[PDB]
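Structure file upload-v4.csv (CSV, C-alpha atoms and all ligand atoms) is printed below.
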chain,number,residue,atom,x,y,z
A,15,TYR,CA,100.5,103.6,102.3
A,16,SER,CA,102.5,105.4,104.9
A,17,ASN,CA,106.3,105.5,104.7
A,18,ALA,CA,106.7,103.7,108.1
A,19,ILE,CA,108.1,100.1,108.1
A,20,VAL,CA,108.5,97.3,110.7
A,21,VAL,CA,111.6,95.2,110.3
A,22,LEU,CA,111.7,91.8,111.7
A,23,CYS,CA,115.0,90.3,112.9
A,24,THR,CA,116.0,87.7,115.5
A,25,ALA,CA,119.0,87.6,117.9
A,26,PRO,CA,120.4,84.6,119.9
A,27,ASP,CA,119.9,86.3,123.3
A,28,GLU,CA,118.9,89.5,125.1
A,29,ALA,CA,122.4,90.8,125.6
A,30,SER,CA,123.1,90.8,121.8
A,31,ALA,CA,119.6,92.1,121.0
A,32,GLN,CA,120.0,95.0,123.4
A,33,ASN,CA,123.5,95.9,122.1
A,34,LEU,CA,122.2,95.9,118.5
A,35,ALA,CA,119.2,98.0,119.4
A,36,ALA,CA,121.4,100.6,121.2
A,37,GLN,CA,123.8,100.8,118.2
A,38,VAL,CA,120.9,101.2,115.6
A,39,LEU,CA,119.2,103.9,117.8
A,40,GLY,CA,122.5,105.8,118.3
A,41,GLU,CA,122.9,105.8,114.5
A,42,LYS,CA,119.3,107.1,114.3
A,43,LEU,CA,118.4,104.3,111.9
A,44,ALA,CA,115.2,103.3,113.8
A,45,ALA,CA,112.8,105.2,116.1
A,46,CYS,CA,112.0,102.3,118.4
A,47,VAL,CA,113.2,98.8,118.7
A,48,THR,CA,111.0,96.3,120.6
A,49,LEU,CA,112.5,93.0,121.8
A,50,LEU,CA,110.4,89.9,122.5
A,51,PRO,CA,112.6,87.5,124.5
A,52,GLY,CA,112.1,83.9,125.3
A,53,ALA,CA,110.9,83.0,121.7
A,54,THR,CA,111.6,79.7,120.1
A,55,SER,CA,112.6,79.3,116.5
A,56,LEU,CA,112.5,76.1,114.5
A,57,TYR,CA,114.2,75.8,111.1
A,58,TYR,CA,116.5,73.5,109.1
A,59,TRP,CA,120.1,74.5,109.1
A,60,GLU,CA,122.6,72.4,107.1
A,61,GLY,CA,120.2,69.5,106.8
A,62,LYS,CA,119.2,69.3,110.5
A,63,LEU,CA,116.0,70.5,112.2
A,64,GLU,CA,117.0,73.0,115.0
A,65,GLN,CA,115.0,74.4,117.8
A,66,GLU,CA,116.6,77.3,119.5
A,67,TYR,CA,115.7,80.1,121.9
A,68,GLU,CA,115.8,83.6,120.3
A,69,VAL,CA,114.7,87.1,120.8
A,70,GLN,CA,112.3,88.4,118.1
A,71,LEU,CA,113.0,92.0,117.4
A,72,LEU,CA,110.8,94.7,115.8
A,73,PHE,CA,112.6,97.7,114.4
A,74,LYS,CA,110.1,100.5,113.8
A,75,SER,CA,111.5,102.9,111.1
A,76,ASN,CA,110.7,104.5,107.7
A,77,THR,CA,111.4,103.8,104.0
A,78,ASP,CA,113.9,106.7,103.8
A,79,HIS,CA,116.2,104.8,106.2
A,80,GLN,CA,115.3,101.3,105.2
A,81,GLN,CA,118.5,100.3,103.3
A,82,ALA,CA,120.8,102.0,105.9
A,83,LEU,CA,119.0,100.1,108.7
A,84,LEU,CA,119.3,96.7,106.9
A,85,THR,CA,122.9,97.3,106.0
A,86,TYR,CA,123.8,98.3,109.5
A,87,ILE,CA,122.1,95.3,111.2
A,88,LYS,CA,123.7,93.0,108.6
A,89,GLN,CA,127.1,94.3,109.6
A,90,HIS,CA,126.5,94.3,113.4
A,91,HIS,CA,124.8,91.0,114.0
A,92,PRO,CA,126.0,87.9,115.8
A,93,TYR,CA,124.7,85.7,112.9
A,94,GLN,CA,126.3,85.7,109.5
A,95,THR,CA,122.8,85.6,107.8
A,96,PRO,CA,120.4,87.3,110.1
A,97,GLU,CA,116.7,87.4,109.5
A,98,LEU,CA,115.8,90.8,107.9
A,99,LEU,CA,112.2,91.2,106.7
A,100,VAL,CA,110.6,94.5,106.1
A,101,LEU,CA,106.9,94.7,106.7
A,102,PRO,CA,105.0,97.6,105.0
A,103,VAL,CA,102.7,99.8,107.1
A,104,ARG,CA,99.5,100.8,105.4
A,105,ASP,CA,98.6,103.6,107.8
A,106,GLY,CA,99.4,105.0,111.3
A,107,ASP,CA,98.4,107.6,113.8
A,108,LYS,CA,99.5,111.0,112.5
A,109,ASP,CA,101.2,112.0,115.8
A,110,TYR,CA,103.0,108.7,116.2
A,111,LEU,CA,104.3,108.8,112.6
A,112,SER,CA,105.4,112.4,113.2
A,113,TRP,CA,107.5,111.4,116.2
A,114,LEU,CA,108.8,108.3,114.3
A,115,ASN,CA,109.9,110.4,111.3
A,116,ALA,CA,111.4,113.2,113.4
A,117,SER,CA,113.6,110.7,115.4
A,118,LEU,CA,115.5,109.5,112.3
A,119,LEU,CA,118.8,110.7,110.8
B,15,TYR,CA,107.7,93.8,97.1
B,16,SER,CA,109.7,90.6,97.7
B,17,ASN,CA,108.0,87.2,97.5
B,18,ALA,CA,108.5,86.6,101.2
B,19,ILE,CA,105.5,86.4,103.6
B,20,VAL,CA,105.0,86.1,107.3
B,21,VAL,CA,102.0,84.1,108.4
B,22,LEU,CA,100.5,84.9,111.8
B,23,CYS,CA,98.8,82.0,113.6
B,24,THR,CA,98.1,81.1,117.3
B,25,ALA,CA,98.1,77.8,119.2
B,26,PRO,CA,96.8,76.9,122.6
B,27,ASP,CA,100.2,75.8,124.0
B,28,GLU,CA,103.9,75.3,123.3
B,29,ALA,CA,103.6,71.5,122.7
B,30,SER,CA,100.9,71.9,119.9
B,31,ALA,CA,102.8,74.9,118.5
B,32,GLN,CA,106.1,72.9,118.3
B,33,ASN,CA,104.4,69.9,116.7
B,34,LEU,CA,102.8,72.0,114.1
B,35,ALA,CA,106.0,73.9,113.3
B,36,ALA,CA,108.0,70.7,113.0
B,37,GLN,CA,105.5,69.2,110.6
B,38,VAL,CA,105.4,72.4,108.4
B,39,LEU,CA,109.2,72.5,108.3
B,40,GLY,CA,109.5,68.8,107.4
B,41,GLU,CA,107.0,69.4,104.6
B,42,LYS,CA,109.2,72.4,103.5
B,43,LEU,CA,106.2,74.8,103.6
B,44,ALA,CA,108.0,77.4,105.7
B,45,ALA,CA,111.7,78.2,106.2
B,46,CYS,CA,111.5,79.3,109.8
B,47,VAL,CA,108.7,79.2,112.4
B,48,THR,CA,109.0,81.5,115.5
B,49,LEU,CA,107.0,80.9,118.6
B,50,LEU,CA,106.1,83.6,121.1
B,51,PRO,CA,104.8,81.7,124.1
B,52,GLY,CA,102.9,83.1,127.1
B,53,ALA,CA,100.8,85.5,125.1
B,54,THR,CA,97.3,86.4,126.1
B,55,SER,CA,94.5,86.7,123.6
B,56,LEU,CA,91.1,88.5,124.3
B,57,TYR,CA,88.2,87.9,121.9
B,58,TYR,CA,84.5,87.2,121.9
B,59,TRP,CA,83.5,83.6,121.3
B,60,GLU,CA,79.9,82.6,121.2
B,61,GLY,CA,78.9,85.9,122.8
B,62,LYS,CA,81.3,85.7,125.7
B,63,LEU,CA,84.5,87.7,126.3
B,64,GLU,CA,87.4,85.2,126.6
B,65,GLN,CA,90.9,85.8,127.9
B,66,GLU,CA,93.2,82.8,127.2
B,67,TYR,CA,96.9,82.1,127.1
B,68,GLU,CA,98.2,81.3,123.6
B,69,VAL,CA,101.4,81.0,121.6
B,70,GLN,CA,101.7,83.6,118.8
B,71,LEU,CA,103.4,82.0,115.8
B,72,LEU,CA,105.2,83.6,112.9
B,73,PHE,CA,105.7,81.4,109.8
B,74,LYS,CA,108.3,82.8,107.5
B,75,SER,CA,107.8,81.5,103.9
B,76,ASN,CA,107.1,82.8,100.4
B,77,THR,CA,104.1,83.5,98.1
B,78,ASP,CA,104.9,80.4,96.0
B,79,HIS,CA,104.2,78.2,99.1
B,80,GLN,CA,101.5,80.4,100.6
B,81,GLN,CA,98.4,78.3,99.7
B,82,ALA,CA,99.9,75.0,100.6
B,83,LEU,CA,101.1,76.4,103.9
B,84,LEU,CA,97.7,77.8,104.8
B,85,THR,CA,96.0,74.5,103.8
B,86,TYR,CA,98.5,72.4,105.7
B,87,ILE,CA,98.1,74.4,109.0
B,88,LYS,CA,94.3,74.5,108.6
B,89,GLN,CA,94.3,70.6,108.4
B,90,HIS,CA,96.8,70.1,111.2
B,91,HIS,CA,95.8,72.6,113.9
B,92,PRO,CA,94.2,71.9,117.3
B,93,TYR,CA,91.6,74.6,116.6
B,94,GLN,CA,88.7,74.2,114.1
B,95,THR,CA,89.1,77.8,113.0
B,96,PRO,CA,92.7,78.9,113.5
B,97,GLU,CA,94.1,82.4,113.0
B,98,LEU,CA,95.8,82.5,109.6
B,99,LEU,CA,96.8,85.9,108.4
B,100,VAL,CA,99.4,86.5,105.7
B,101,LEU,CA,101.5,89.6,106.1
B,102,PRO,CA,103.3,90.7,102.9
B,103,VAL,CA,107.0,91.4,103.0
B,104,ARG,CA,108.1,94.5,101.1
B,105,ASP,CA,111.8,93.7,101.1
B,106,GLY,CA,114.6,91.9,102.9
B,107,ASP,CA,118.3,91.1,103.1
B,108,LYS,CA,119.2,89.2,99.9
B,109,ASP,CA,121.3,86.6,101.6
B,110,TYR,CA,118.4,85.9,104.1
B,111,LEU,CA,115.8,85.8,101.3
B,112,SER,CA,118.1,83.5,99.3
B,113,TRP,CA,118.3,81.0,102.2
B,114,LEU,CA,114.5,81.3,102.8
B,115,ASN,CA,113.7,80.6,99.2
B,116,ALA,CA,116.1,77.7,99.0
B,117,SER,CA,114.7,75.9,102.0
B,118,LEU,CA,111.2,75.6,100.5
B,119,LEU,CA,109.7,72.7,98.5
C,15,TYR,CA,94.6,91.7,99.6
C,16,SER,CA,92.0,90.7,102.1
C,17,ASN,CA,90.3,93.4,104.2
C,18,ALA,CA,92.0,92.2,107.4
C,19,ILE,CA,94.6,94.3,109.2
C,20,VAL,CA,96.9,93.9,112.2
C,21,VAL,CA,97.5,97.0,114.2
C,22,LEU,CA,100.7,97.2,116.4
C,23,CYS,CA,100.5,99.2,119.6
C,24,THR,CA,102.3,99.0,123.0
C,25,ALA,CA,101.2,99.5,126.5
C,26,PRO,CA,103.3,100.1,129.7
C,27,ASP,CA,101.9,97.0,131.5
C,28,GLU,CA,99.5,94.1,131.3
C,29,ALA,CA,96.8,95.7,133.5
C,30,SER,CA,96.5,98.7,131.0
C,31,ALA,CA,96.9,96.4,128.0
C,32,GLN,CA,94.1,94.2,129.2
C,33,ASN,CA,91.7,97.1,130.0
C,34,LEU,CA,92.3,98.6,126.6
C,35,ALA,CA,91.7,95.3,124.8
C,36,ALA,CA,88.5,94.7,126.7
C,37,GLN,CA,87.2,98.2,125.9
C,38,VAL,CA,88.1,97.8,122.1
C,39,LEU,CA,86.4,94.4,122.0
C,40,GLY,CA,83.3,95.6,123.7
C,41,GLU,CA,83.1,98.4,121.1
C,42,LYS,CA,83.5,95.7,118.4
C,43,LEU,CA,86.5,97.5,116.9
C,44,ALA,CA,88.7,94.5,116.8
C,45,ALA,CA,87.9,90.7,116.6
C,46,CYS,CA,90.9,89.6,118.6
C,47,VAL,CA,93.6,91.4,120.6
C,48,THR,CA,96.8,89.5,121.4
C,49,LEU,CA,99.1,90.7,124.2
C,50,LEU,CA,102.9,89.9,124.3
C,51,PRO,CA,104.0,90.9,127.7
C,52,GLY,CA,107.5,91.2,129.1
C,53,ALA,CA,108.8,93.0,126.0
C,54,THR,CA,111.6,95.5,126.1
C,55,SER,CA,111.5,98.7,124.0
C,56,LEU,CA,114.4,100.9,123.4
C,57,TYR,CA,114.0,104.5,122.0
C,58,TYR,CA,115.2,108.0,122.4
C,59,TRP,CA,112.9,110.2,124.4
C,60,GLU,CA,113.7,113.9,125.0
C,61,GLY,CA,117.3,113.3,124.0
C,62,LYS,CA,117.9,110.2,126.3
C,63,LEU,CA,118.1,106.5,125.4
C,64,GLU,CA,115.4,104.7,127.3
C,65,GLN,CA,115.0,101.0,127.8
C,66,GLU,CA,111.6,100.1,129.2
C,67,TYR,CA,109.3,97.1,129.7
C,68,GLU,CA,106.2,97.1,127.6
C,69,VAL,CA,103.5,94.8,126.3
C,70,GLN,CA,103.4,94.5,122.5
C,71,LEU,CA,99.8,94.4,121.3
C,72,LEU,CA,98.3,93.1,118.0
C,73,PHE,CA,94.8,94.2,117.2
C,74,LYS,CA,93.3,91.9,114.6
C,75,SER,CA,90.6,93.9,112.8
C,76,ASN,CA,89.5,95.0,109.2
C,77,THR,CA,89.9,98.0,107.0
C,78,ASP,CA,86.2,98.6,107.4
C,79,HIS,CA,86.8,99.5,111.1
C,80,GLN,CA,90.3,100.8,110.8
C,81,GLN,CA,89.9,104.5,111.4
C,82,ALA,CA,87.3,104.0,114.2
C,83,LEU,CA,89.7,101.5,115.9
C,84,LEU,CA,92.7,103.9,115.7
C,85,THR,CA,90.7,106.9,117.0
C,86,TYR,CA,89.3,104.8,119.9
C,87,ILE,CA,92.7,103.5,121.0
C,88,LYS,CA,94.2,107.0,120.8
C,89,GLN,CA,91.5,108.2,123.2
C,90,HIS,CA,91.7,105.3,125.6
C,91,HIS,CA,95.4,104.8,125.9
C,92,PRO,CA,97.7,105.5,128.9
C,93,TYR,CA,100.3,107.2,126.6
C,94,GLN,CA,99.7,110.6,125.1
C,95,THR,CA,101.1,109.4,121.7
C,96,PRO,CA,100.9,105.6,121.5
C,97,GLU,CA,102.3,103.5,118.8
C,98,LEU,CA,99.7,102.8,116.2
C,99,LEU,CA,100.9,101.1,113.0
C,100,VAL,CA,98.5,99.3,110.7
C,101,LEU,CA,99.9,96.2,108.8
C,102,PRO,CA,98.0,95.2,105.7
C,103,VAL,CA,97.0,91.5,105.3
C,104,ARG,CA,97.6,90.0,101.9
C,105,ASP,CA,95.4,86.9,102.5
C,106,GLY,CA,94.2,84.5,105.2
C,107,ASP,CA,92.0,81.4,105.9
C,108,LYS,CA,88.5,82.0,104.5
C,109,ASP,CA,86.8,80.7,107.7
C,110,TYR,CA,89.0,82.8,110.0
C,111,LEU,CA,88.4,86.0,107.8
C,112,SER,CA,84.6,85.3,107.9
C,113,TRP,CA,84.7,85.1,111.7
C,114,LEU,CA,86.7,88.2,112.0
C,115,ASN,CA,84.3,90.2,109.7
C,116,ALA,CA,81.2,88.9,111.3
C,117,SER,CA,82.5,89.7,114.8
C,118,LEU,CA,82.7,93.4,113.8
C,119,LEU,CA,79.7,94.1,111.6
D,201,NA,NA,121.3,93.6,129.9
D,202,NA,NA,122.2,95.5,127.4
D,203,NA,NA,107.7,85.9,127.7
D,204,NA,NA,107.9,69.6,121.0
D,205,NA,NA,92.6,92.9,133.4
D,206,NA,NA,75.5,97.1,115.2

Please express the file's structure as structure tokens.
Amino acid sequence: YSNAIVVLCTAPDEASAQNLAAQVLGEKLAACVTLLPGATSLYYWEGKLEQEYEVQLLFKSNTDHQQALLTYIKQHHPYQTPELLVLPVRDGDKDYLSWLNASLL
Amino acid sequence: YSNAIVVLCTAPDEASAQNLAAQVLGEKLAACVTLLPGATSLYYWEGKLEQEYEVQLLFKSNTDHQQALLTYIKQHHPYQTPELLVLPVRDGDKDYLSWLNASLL
Amino acid sequence: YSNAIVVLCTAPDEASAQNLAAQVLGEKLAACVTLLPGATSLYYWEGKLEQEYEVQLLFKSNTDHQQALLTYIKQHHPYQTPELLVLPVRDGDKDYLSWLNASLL
């Protein structure tokens, strides 16, 4: 396995998604943050089935910066309990991983 | 590795995607279902290259509910052979994982 | 773990993403390619924070064709150093996995 990771997270709108991405990148806690706006999420919250528009984010980072990234997002997110799921990366293109690794703190 | 999983699946349109998600959620087989509408999928089917609009779904659940979820979607999907790929989750925010686990059957 | 994989990659626009997908599929190096257009990616490039539109791609393939797929994309991509991250697949629907494998043999 490579040391790269892809962290999934959602935001209520593009404005908040962009602000969070900019903060994370300025702190060098991710190499690239990709936003997928216009998503819809369904889930139960306090006993009711909700259906809300959200932005699905993908934070591309590495294991050496994993906890710092999670902690940062958790403390700079509009939601109290944001989605934060780390996907492992089994392999990647050498040159891309090189760039990803070099971009981080 | 945490016990969380993210299941990839596609649906032909938002209406079918929403119905499936609502059903899975009511059955408590996923904690959150995110729909990414307006995607385009290319693939060969019966020897012909097809290019079709689809909704990419992400079902956020755990390994304990993995088989029931897969079986449920398979039996309640518009396609005869739907995409069902389980991505493992290496780690996550504990508060989020706690809510995810608590929302399941 | 199954032998399936999901490879993340981004393209600058739909035209280029579609051409790449078609080429990869003709070469039988992926069973299905899903395009998520209208995404926004933020990243530092040459010291400056960029915010650009991209298409997020998901190549659904197997470990048996993983290196050939990565090499092929790298040689047929508009970017000099494109994003190429391989996500492992823990499990999936038997019929879907069978179709994916058969499509590439
Ligand atoms: Na803006
Ligand atoms: Na902004
Ligand atoms: Na869209
Ligand atoms: Na609906
Ligand atoms: Na095209
Ligand atoms: Na052959």

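Nearest to chain B of all the residues C:86, C:73, C:58, C:67 is C:73, based on all atoms listed in the file.
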
| request: Using all atoms listed in the file, find each residue with an atom at most 7 Å away from ligand NA 201 (chain D) and format the answer as a list in words. | output: residues 28, 29 and 32 of chain A

| task | Kindly determine which residues of chain C lie within 7 Å of chain A, considering all atoms listed in the file, and give the answer as a ChimeraX atom specification. | result | /C:53-57,95-102

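The interatomic distance for the pair atom CA of residue B:63 and atom CA of residue C:75 works out to 16.1 Å.
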
List as a CSV table (one decimal) with C-alpha atoms, in the frame of the given file the protein and nucleic acid residues lying within 10 Å of ligand NA 206 (chain D), with all atoms listed in the file counted.
chain,number,residue,atom,x,y,z
C,41,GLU,CA,83.1,98.4,121.1
C,42,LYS,CA,83.5,95.7,118.4
C,118,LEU,CA,82.7,93.4,113.8
C,119,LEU,CA,79.7,94.1,111.6

Who sits within 9 Å of residue C:91, all atoms listed in the file, same chain under 6 positions skipped, as a tab-separated table (two decimals) with C-alpha atoms, in the coordinates of the input:
chain	number	residue	atom	x	y	z
C	25	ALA	CA	101.20	99.50	126.50
C	30	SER	CA	96.50	98.70	131.00
C	31	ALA	CA	96.90	96.40	128.00
C	34	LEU	CA	92.30	98.60	126.60

| Suppose you want the space between atom CA of residue A:27 and atom CA of residue C:61; what is it in Å? | 27.1 Å

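Using only C-alpha atoms and all ligand atoms, the smallest distance between any of C:77, C:66, C:37, C:24 and ligand NA 205 (chain D) comes from C:37.
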
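If you look at atom CA of residue A:22 and atom CA of residue C:92, they are 26.1 Å away from each other.
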
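Considering the residues A:33, A:93, A:62, A:76 and counting all atoms listed in the file, ligand NA 202 (chain D) has its shortest atom-to-atom contact with A:33.
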
| field | Top pick for closest residue to ligand NA 202 (chain D), considering C:88, C:81, C:64, C:94 and counting all atoms listed in the file | value | C:64

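Proximity ranking of C:90, C:68, C:83, C:17 relative to ligand NA 203 (chain D) places C:68 first, based on only C-alpha atoms and all ligand atoms.
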